[PDB]
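*Asks:* fold the following, please.
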Amino acid sequence: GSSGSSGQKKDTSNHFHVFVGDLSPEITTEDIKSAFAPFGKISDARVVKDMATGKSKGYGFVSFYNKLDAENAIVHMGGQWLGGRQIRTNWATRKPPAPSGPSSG
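*Replies:* Numbers count the residues shown, from 1 in each chain. Here you go:
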């Protein structure tokens, strides 16, 4: 999975990016957008598909206007049976660990 340039549509206003794996092949960008709507307003959602076969690689991204709304899906959708097979959910966003303040001598 190679990376590229940020080709987004609209600059998310401090939204939360939610990762979704195990995305059945029958799934569709439109499906996810409507399958996660029940949680909250969707700003950016897409299902990474192969350029050769054209089938849901098995992972996508779903941003949310707020956090709470996102959490709802991450838990609800997490494993939920959307399309054919089950699906996964995680906080694509990564944060650096906080330092410490030891002392001895």
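*Asks:* quickly find the element holding the one residue sitting closest to the centre of the chain.
*Replies:* By CA atoms, centre = their mean, the mean C-alpha position of the chain lies nearest to residue 19, the distance being 2.5 Å. Element membership for residue 19, per DSSP states H and E: strand 16-21.
*Asks:* mind checking what helix or strand follows that strand in sequence?
*Replies:* By DSSP H and E, the next helix or strand past strand 16-21 is helix 29-35.
*Asks:* all helices for this structure, in order.
*Replies:* Taking DSSP state H as the criterion, the chain contains helices spanning 29-35, 67-76.
*Asks:* ok, which of those comes nearest residue 61?
*Replies:* Closest approach to residue 61 among these (CB to CB): helix 29-35, 9.2 Å. The way it works is simple: take the backbone N, C-alpha and C, and place the C-beta from them, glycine included.
*Asks:* what lies in contact with the closest one?
*Replies:* Helix 29-35 is contacted from outside by 20, 23, 42, 45, 46, 47, 60, 62, 77, 82, 83, using CB atoms under 8 Å, 6 or more residues apart in numbering.
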